[PDB]
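> The structure is given below, and queries will be raised subsequently.
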Amino acid sequence: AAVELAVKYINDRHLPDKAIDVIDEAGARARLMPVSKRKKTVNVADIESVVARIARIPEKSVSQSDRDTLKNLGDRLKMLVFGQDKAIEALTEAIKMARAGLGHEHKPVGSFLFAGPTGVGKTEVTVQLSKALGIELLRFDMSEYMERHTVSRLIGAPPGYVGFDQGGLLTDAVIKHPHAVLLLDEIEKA
Amino acid sequence: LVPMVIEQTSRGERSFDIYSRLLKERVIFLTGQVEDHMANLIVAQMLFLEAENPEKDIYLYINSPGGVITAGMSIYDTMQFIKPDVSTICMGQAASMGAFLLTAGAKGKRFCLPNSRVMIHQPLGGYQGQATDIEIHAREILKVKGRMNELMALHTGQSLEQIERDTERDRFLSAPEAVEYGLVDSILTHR
Amino acid sequence: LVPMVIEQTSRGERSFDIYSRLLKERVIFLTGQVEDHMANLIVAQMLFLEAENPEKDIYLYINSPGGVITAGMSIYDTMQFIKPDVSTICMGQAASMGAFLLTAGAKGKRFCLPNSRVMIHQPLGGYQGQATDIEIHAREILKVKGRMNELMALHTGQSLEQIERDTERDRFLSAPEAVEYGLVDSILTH
Ligand SMILES: Nc1ncnc2c1ncn2[C@@H]1O[C@H](COP(=O)(O)OP(=O)(O)O)[C@@H](O)[C@H]1O
């Protein structure tokens, strides 16, 4: 579980040293947290906590006991953002399969186009979803990216031009927060 | 002058004339005397709409006082050839040629305003010259008269003899009378 | 040459004609002898306004000296068929057909200027040819007069006997006298 979970939640470091850090870190916790004559065995639950801190996540996603939140995610969102139940249930179905082992091998967890009027909580459903899953929220205004030369800001400028030192707003955001929600509003104007 | 109307789009606003904006909504306008030039514009719009959506029905408003029969065939033939059904709405008045195009619409989609009129009469084409040439041209106009009566019978549903009697002399059919004669299903009041 | 007004919009500056800019404010102008092309133009504007806002009332000025009766019906039937209430502000000379459109306006929304002059007369048409042919056209014009007289009484509310009586001979009615006849609701206060 250490090598599998670390690869998904820790992409910066390489697998060999990464697995050693999480494995070694688990033993350190067993030295200080136990008061006296506690279980010496290191269960899977003890690994999920240390790996969560390394990824700065709230331990809900990596943990295998968060099913209760996903099972009632649809009902919870209705109380926060009521209305258009068909829109809320659709998100839970895609999120459930992604976390149930049925997610795409290389595609994102989910790609959706919230085509609807203004004031129907199209963006509110996204910000509240991040709070439920306990992941960072990323918001990009597509209105700014209207000119042909604006695309460079998202991916950065090539070598030999201004802005090369900057990695890129979109690339640095996803890299900094691998587990996060990405929101692109007014995509049609892009 | 033709007024301009703006339609909001994601990228930017687009300026289109009132006739072109309605054309985008499958609304053709047949106004004035029929002619080979104006008819060419009507058929061009029909063919363009067919490519856009061969399922959606076309709407052809008819407010013409009559014109040459030759140009009318181009509009009539085009309407039947294209798959989309053309809805003919009689605005103001419909002369012999206009009424022919009016009844030429698909069954169930032909309508007339409650105050519109529908006139039908035989062709007024005339020819002059030598007696030999007159005989040749005279025989041709009778064929067109008979052909128009046969086509009107198919759409209107009346017998060839009935159309001949009504078309022998000029006749003005009011909007309610048009439904009785069989040119349209009913008045355009509800949809 | 028609002027070219400028409009201030958030997206950018747009150039419109004086008539086209007024069309945005649901203001339609009518003038000159009624013609098939002229009538279809007014009809086209009405259809566009209905789709834009079926609730906002439309305004239609009338300064025409009269024209063909057949083409005028296309404007009348269109005004009744469309949901928006099309007010009628008679700003100048209003002949029989010109007056017919003024009466066709929505009840409680028709108006006229204090110095405006409106004259109504029976439909005038002529035809020549064979004896049988003139009889058909003669019967038709009488039918049109009945239809115009019948519809005029319905909108104005005056008895059919009075409508057909005065319409026989040429009649000229001022703006204040129009209120007595029921042709118009009331003049503009300011
Ligand atoms: N169905 C809704 N339920 C709750 N709040 C809503 C709803 N629709 C709009 N809002 C409110 O509207 C505001 C903007 O929401 P947002 O999602 O940004 O709107 P939009 O999707 O139109 O961009 C917030 O205060 C949000 O709570």
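Please note that chains go A, B, ... in the order of the structure tokens, that every chain numbers its residues from 1, and that ligands are numbered from 1 in the order shown.
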Got a sec to pull out which chain A residues are within 10 Å of chain B, counting only C-alpha atoms, and send them as number ranges by chain?
A: 146, 186-190
> Would you list the contacts of region 172-179 of chain B as a ChimeraX atom specification, taking every protein, DNA or RNA residue within 8 Å and counting only C-alpha atoms, but skipping same-chain residues closer than 5 positions in sequence?
/B:112-120,184-187 /C:136,140
> Please produce a file of those selected residues containing C-alpha atoms, as an mmCIF file, in the first residue's frame.

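Final output, saved to selection_20.cif:
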data_model
loop_
_atom_site.group_PDB
_atom_site.id
_atom_site.type_symbol
_atom_site.label_atom_id
_atom_site.label_comp_id
_atom_site.auth_asym_id
_atom_site.auth_seq_id
_atom_site.Cartn_x
_atom_site.Cartn_y
_atom_site.Cartn_z
ATOM 1 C CA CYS B 112 -53.717 32.054 -44.047
ATOM 2 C CA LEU B 113 -54.345 35.037 -41.799
ATOM 3 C CA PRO B 114 -58.019 35.696 -40.929
ATOM 4 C CA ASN B 115 -58.051 38.927 -42.986
ATOM 5 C CA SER B 116 -55.913 37.761 -45.927
ATOM 6 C CA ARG B 117 -57.325 37.255 -49.426
ATOM 7 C CA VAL B 118 -56.693 34.552 -52.032
ATOM 8 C CA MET B 119 -57.358 35.255 -55.724
ATOM 9 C CA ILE B 120 -57.059 32.710 -58.542
ATOM 10 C CA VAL B 184 -55.239 25.426 -46.384
ATOM 11 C CA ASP B 185 -56.081 23.369 -43.316
ATOM 12 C CA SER B 186 -57.117 26.263 -41.053
ATOM 13 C CA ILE B 187 -56.485 29.863 -40.003
ATOM 14 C CA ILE C 136 -66.494 40.107 -59.612
ATOM 15 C CA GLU C 140 -64.917 41.927 -53.786
#
> Find, counting only C-alpha atoms and all ligand atoms, the residue in A:139, A:153, A:177, A:53 that gets nearest to ligand 1.
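Selected residue with least distance to ligand 1: A:139.
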> With only C-alpha atoms and all ligand atoms counted, collect every polymer residue having an atom within 7 Å of ligand 1; state the result as a list in words.
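Protein and nucleic-acid residues within 7 Å of ligand 1: residues 80, 81, 82, 83, 117, 118, 119, 120, 121, 122, 123, 124 and 125 of chain A.
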> Pick out the residues sitting within 10 Å of region 23-29 of chain A, and hand them over as a short mmCIF file (atom, residue, chain, number, x, y, z; two decimals) with N, CA, C and O atoms, in the first residue's frame; count only C-alpha atoms, and ignore anything fewer than 5 positions along from it in its own chain.

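And here's selection11.cif as it stands now:
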data_model
loop_
_atom_site.label_atom_id
_atom_site.label_comp_id
_atom_site.auth_asym_id
_atom_site.auth_seq_id
_atom_site.Cartn_x
_atom_site.Cartn_y
_atom_site.Cartn_z
N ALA A 2 2.04 1.21 0.61
CA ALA A 2 2.90 2.38 0.66
C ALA A 2 3.34 2.81 -0.74
O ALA A 2 3.23 3.99 -1.10
N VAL A 3 3.82 1.86 -1.54
CA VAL A 3 4.28 2.20 -2.88
C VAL A 3 3.11 2.62 -3.76
O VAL A 3 3.24 3.53 -4.60
N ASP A 17 13.13 6.01 -3.34
CA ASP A 17 13.34 6.78 -2.12
C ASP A 17 12.02 7.17 -1.47
O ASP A 17 11.94 7.28 -0.24
N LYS A 18 10.98 7.37 -2.28
CA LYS A 18 9.67 7.73 -1.76
C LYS A 18 9.11 6.64 -0.86
O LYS A 18 8.62 6.92 0.24
N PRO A 34 2.85 5.62 20.91
CA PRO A 34 2.50 4.64 21.94
C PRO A 34 2.98 5.05 23.32
O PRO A 34 4.13 5.48 23.49
N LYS A 40 2.95 -3.48 18.10
CA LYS A 40 4.16 -3.19 17.34
C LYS A 40 3.90 -3.21 15.84
O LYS A 40 4.55 -2.46 15.10
N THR A 41 2.99 -4.07 15.38
CA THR A 41 2.68 -4.18 13.96
C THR A 41 2.22 -2.85 13.39
O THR A 41 1.50 -2.08 14.04
N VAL A 42 2.66 -2.57 12.16
CA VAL A 42 2.32 -1.35 11.44
C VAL A 42 1.24 -1.72 10.43
O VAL A 42 1.53 -2.31 9.38
N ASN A 43 0.00 -1.37 10.73
CA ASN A 43 -1.12 -1.68 9.85
C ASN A 43 -1.20 -0.66 8.72
O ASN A 43 -0.49 0.35 8.69
N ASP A 46 -1.92 3.02 9.68
CA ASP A 46 -0.82 3.85 10.13
C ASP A 46 -0.03 4.45 8.97
O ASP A 46 0.60 5.50 9.14
N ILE A 47 -0.06 3.80 7.80
CA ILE A 47 0.66 4.32 6.64
C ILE A 47 -0.13 5.45 5.99
O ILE A 47 0.45 6.42 5.49
N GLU A 48 -1.46 5.33 5.97
CA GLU A 48 -2.30 6.35 5.36
C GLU A 48 -2.18 7.70 6.07
O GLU A 48 -2.37 8.75 5.44
N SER A 49 -1.88 7.69 7.37
CA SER A 49 -1.76 8.95 8.10
C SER A 49 -0.46 9.67 7.78
O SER A 49 -0.46 10.89 7.54
N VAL A 50 0.66 8.95 7.77
CA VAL A 50 1.95 9.57 7.48
C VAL A 50 2.01 10.05 6.04
O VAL A 50 2.53 11.14 5.76
N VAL A 51 1.50 9.26 5.10
CA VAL A 51 1.54 9.66 3.69
C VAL A 51 0.64 10.87 3.46
O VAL A 51 0.91 11.69 2.58
#
> How close does each residue of chain C get to chain B, giving the shortest atom pair and distance in Å to one decimal for every residue with an atom at most 9 Å away, counting only C-alpha atoms, sorted by chain and residue number, as JSON lines?

{"residue": "C:11", "atom": "CA", "partner": "B:12", "partner_atom": "CA", "distance": 8.0}
{"residue": "C:16", "atom": "CA", "partner": "B:4", "partner_atom": "CA", "distance": 7.4}
{"residue": "C:17", "atom": "CA", "partner": "B:3", "partner_atom": "CA", "distance": 7.5}
{"residue": "C:19", "atom": "CA", "partner": "B:3", "partner_atom": "CA", "distance": 6.7}
{"residue": "C:20", "atom": "CA", "partner": "B:3", "partner_atom": "CA", "distance": 5.0}
{"residue": "C:21", "atom": "CA", "partner": "B:4", "partner_atom": "CA", "distance": 8.6}
{"residue": "C:23", "atom": "CA", "partner": "B:3", "partner_atom": "CA", "distance": 8.0}
{"residue": "C:24", "atom": "CA", "partner": "B:5", "partner_atom": "CA", "distance": 8.2}
{"residue": "C:36", "atom": "CA", "partner": "B:32", "partner_atom": "CA", "distance": 6.3}
{"residue": "C:37", "atom": "CA", "partner": "B:31", "partner_atom": "CA", "distance": 6.2}
{"residue": "C:40", "atom": "CA", "partner": "B:31", "partner_atom": "CA", "distance": 7.4}
{"residue": "C:41", "atom": "CA", "partner": "B:2", "partner_atom": "CA", "distance": 7.7}
{"residue": "C:44", "atom": "CA", "partner": "B:18", "partner_atom": "CA", "distance": 6.5}
{"residue": "C:45", "atom": "CA", "partner": "B:18", "partner_atom": "CA", "distance": 6.9}
{"residue": "C:47", "atom": "CA", "partner": "B:22", "partner_atom": "CA", "distance": 8.6}
{"residue": "C:48", "atom": "CA", "partner": "B:22", "partner_atom": "CA", "distance": 7.8}
{"residue": "C:69", "atom": "CA", "partner": "B:92", "partner_atom": "CA", "distance": 8.6}
{"residue": "C:70", "atom": "CA", "partner": "B:92", "partner_atom": "CA", "distance": 5.2}
{"residue": "C:71", "atom": "CA", "partner": "B:92", "partner_atom": "CA", "distance": 5.0}
{"residue": "C:72", "atom": "CA", "partner": "B:92", "partner_atom": "CA", "distance": 7.0}
{"residue": "C:73", "atom": "CA", "partner": "B:92", "partner_atom": "CA", "distance": 5.2}
{"residue": "C:74", "atom": "CA", "partner": "B:92", "partner_atom": "CA", "distance": 4.5}
{"residue": "C:75", "atom": "CA", "partner": "B:92", "partner_atom": "CA", "distance": 8.2}
{"residue": "C:76", "atom": "CA", "partner": "B:115", "partner_atom": "CA", "distance": 8.7}
{"residue": "C:77", "atom": "CA", "partner": "B:113", "partner_atom": "CA", "distance": 6.6}
{"residue": "C:78", "atom": "CA", "partner": "B:113", "partner_atom": "CA", "distance": 8.6}
{"residue": "C:81", "atom": "CA", "partner": "B:189", "partner_atom": "CA", "distance": 6.9}
{"residue": "C:132", "atom": "CA", "partner": "B:169", "partner_atom": "CA", "distance": 8.7}
{"residue": "C:133", "atom": "CA", "partner": "B:170", "partner_atom": "CA", "distance": 7.1}
{"residue": "C:136", "atom": "CA", "partner": "B:171", "partner_atom": "CA", "distance": 6.9}
{"residue": "C:137", "atom": "CA", "partner": "B:172", "partner_atom": "CA", "distance": 8.2}
{"residue": "C:140", "atom": "CA", "partner": "B:172", "partner_atom": "CA", "distance": 6.8}
{"residue": "C:147", "atom": "CA", "partner": "B:115", "partner_atom": "CA", "distance": 8.0}
> Please produce an output containing N, CA and C atoms for each residue in the selection, written as a tab-separated table (two decimals), in the first residue's frame.

chain	number	residue	atom	x	y	z
C	11	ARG	N	-19.13	45.35	-24.20
C	11	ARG	CA	-18.27	44.63	-25.14
C	11	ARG	C	-17.45	45.59	-25.99
C	16	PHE	N	-24.82	52.07	-35.39
C	16	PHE	CA	-26.15	51.73	-35.89
C	16	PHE	C	-26.77	52.94	-36.56
C	17	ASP	N	-27.80	52.67	-37.36
C	17	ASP	CA	-28.56	53.74	-37.98
C	17	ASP	C	-29.54	54.30	-36.95
C	19	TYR	N	-32.78	54.58	-37.30
C	19	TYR	CA	-33.92	53.68	-37.26
C	19	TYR	C	-33.57	52.37	-36.57
C	20	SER	N	-32.36	51.86	-36.79
C	20	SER	CA	-31.96	50.59	-36.19
C	20	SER	C	-31.76	50.73	-34.69
C	21	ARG	N	-31.19	51.85	-34.24
C	21	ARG	CA	-31.01	52.05	-32.80
C	21	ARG	C	-32.36	52.15	-32.11
C	23	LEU	N	-35.00	50.67	-33.04
C	23	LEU	CA	-35.58	49.33	-33.02
C	23	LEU	C	-35.19	48.58	-31.76
C	24	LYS	N	-34.05	48.93	-31.16
C	24	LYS	CA	-33.64	48.27	-29.92
C	24	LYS	C	-34.57	48.66	-28.78
C	36	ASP	N	-46.25	46.67	-50.41
C	36	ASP	CA	-45.99	45.29	-50.02
C	36	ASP	C	-44.62	45.16	-49.36
C	37	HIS	N	-43.60	45.79	-49.95
C	37	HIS	CA	-42.26	45.72	-49.36
C	37	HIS	C	-42.20	46.49	-48.05
C	40	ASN	N	-44.01	44.41	-45.33
C	40	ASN	CA	-43.23	43.25	-44.89
C	40	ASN	C	-42.06	43.68	-44.01
C	41	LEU	N	-41.55	44.89	-44.22
C	41	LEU	CA	-40.45	45.37	-43.38
C	41	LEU	C	-40.94	45.62	-41.96
C	44	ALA	N	-41.47	42.26	-40.30
C	44	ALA	CA	-40.22	41.63	-39.89
C	44	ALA	C	-39.72	42.20	-38.57
C	45	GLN	N	-39.84	43.51	-38.39
C	45	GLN	CA	-39.40	44.13	-37.14
C	45	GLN	C	-40.25	43.65	-35.97
C	47	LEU	N	-41.79	40.73	-35.59
C	47	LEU	CA	-41.44	39.37	-35.24
C	47	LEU	C	-40.16	39.32	-34.42
C	48	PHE	N	-39.17	40.14	-34.79
C	48	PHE	CA	-37.91	40.17	-34.06
C	48	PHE	C	-38.11	40.67	-32.63
C	69	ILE	N	-54.82	48.67	-49.56
C	69	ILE	CA	-55.51	48.08	-48.41
C	69	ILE	C	-55.03	46.66	-48.14
C	70	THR	N	-54.76	45.89	-49.20
C	70	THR	CA	-54.36	44.50	-49.04
C	70	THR	C	-53.07	44.36	-48.23
C	71	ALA	N	-52.04	45.12	-48.59
C	71	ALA	CA	-50.77	45.03	-47.87
C	71	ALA	C	-50.91	45.49	-46.43
C	72	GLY	N	-51.79	46.45	-46.17
C	72	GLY	CA	-51.98	46.93	-44.81
C	72	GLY	C	-52.50	45.86	-43.87
C	73	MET	N	-53.28	44.91	-44.38
C	73	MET	CA	-53.81	43.85	-43.53
C	73	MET	C	-52.70	43.00	-42.95
C	74	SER	N	-51.61	42.79	-43.70
C	74	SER	CA	-50.50	42.00	-43.20
C	74	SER	C	-49.91	42.60	-41.93
C	75	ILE	N	-49.94	43.93	-41.81
C	75	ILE	CA	-49.43	44.58	-40.62
C	75	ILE	C	-50.44	44.46	-39.49
C	76	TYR	N	-51.73	44.57	-39.82
C	76	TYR	CA	-52.78	44.47	-38.81
C	76	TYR	C	-52.81	43.07	-38.20
C	77	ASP	N	-52.93	42.04	-39.04
C	77	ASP	CA	-52.99	40.67	-38.55
C	77	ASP	C	-51.74	40.32	-37.74
C	78	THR	N	-50.59	40.83	-38.17
C	78	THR	CA	-49.35	40.57	-37.44
C	78	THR	C	-49.40	41.20	-36.05
C	81	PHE	N	-51.63	39.05	-33.85
C	81	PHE	CA	-51.06	37.73	-33.59
C	81	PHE	C	-49.93	37.78	-32.57
C	132	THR	N	-68.67	41.11	-67.05
C	132	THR	CA	-68.60	40.04	-66.06
C	132	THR	C	-67.44	40.27	-65.08
C	133	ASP	N	-66.28	40.68	-65.60
C	133	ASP	CA	-65.10	40.86	-64.75
C	133	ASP	C	-65.29	41.97	-63.72
C	136	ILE	N	-67.24	40.87	-60.62
C	136	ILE	CA	-66.49	40.11	-59.61
C	136	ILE	C	-65.70	41.06	-58.72
C	137	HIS	N	-64.94	41.96	-59.34
C	137	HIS	CA	-64.15	42.91	-58.57
C	137	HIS	C	-65.04	43.84	-57.76
C	140	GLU	N	-66.05	42.08	-54.69
C	140	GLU	CA	-64.92	41.93	-53.79
C	140	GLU	C	-64.64	43.20	-53.00
C	147	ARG	N	-65.53	44.16	-44.25
C	147	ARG	CA	-64.53	43.65	-43.31
C	147	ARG	C	-63.84	44.80	-42.58
> Quick one: residues within 9 Å of residue 185 (chain C), only C-alpha atoms, excluding same-chain residues fewer than 2 positions away - as a ChimeraX atom specification?
/C:107-112,178-179,182-183,187
> Using only C-alpha atoms, find the one residue out of A:77, A:10, A:55, A:181 that sits nearest to residue 135 (chain A).
A:181
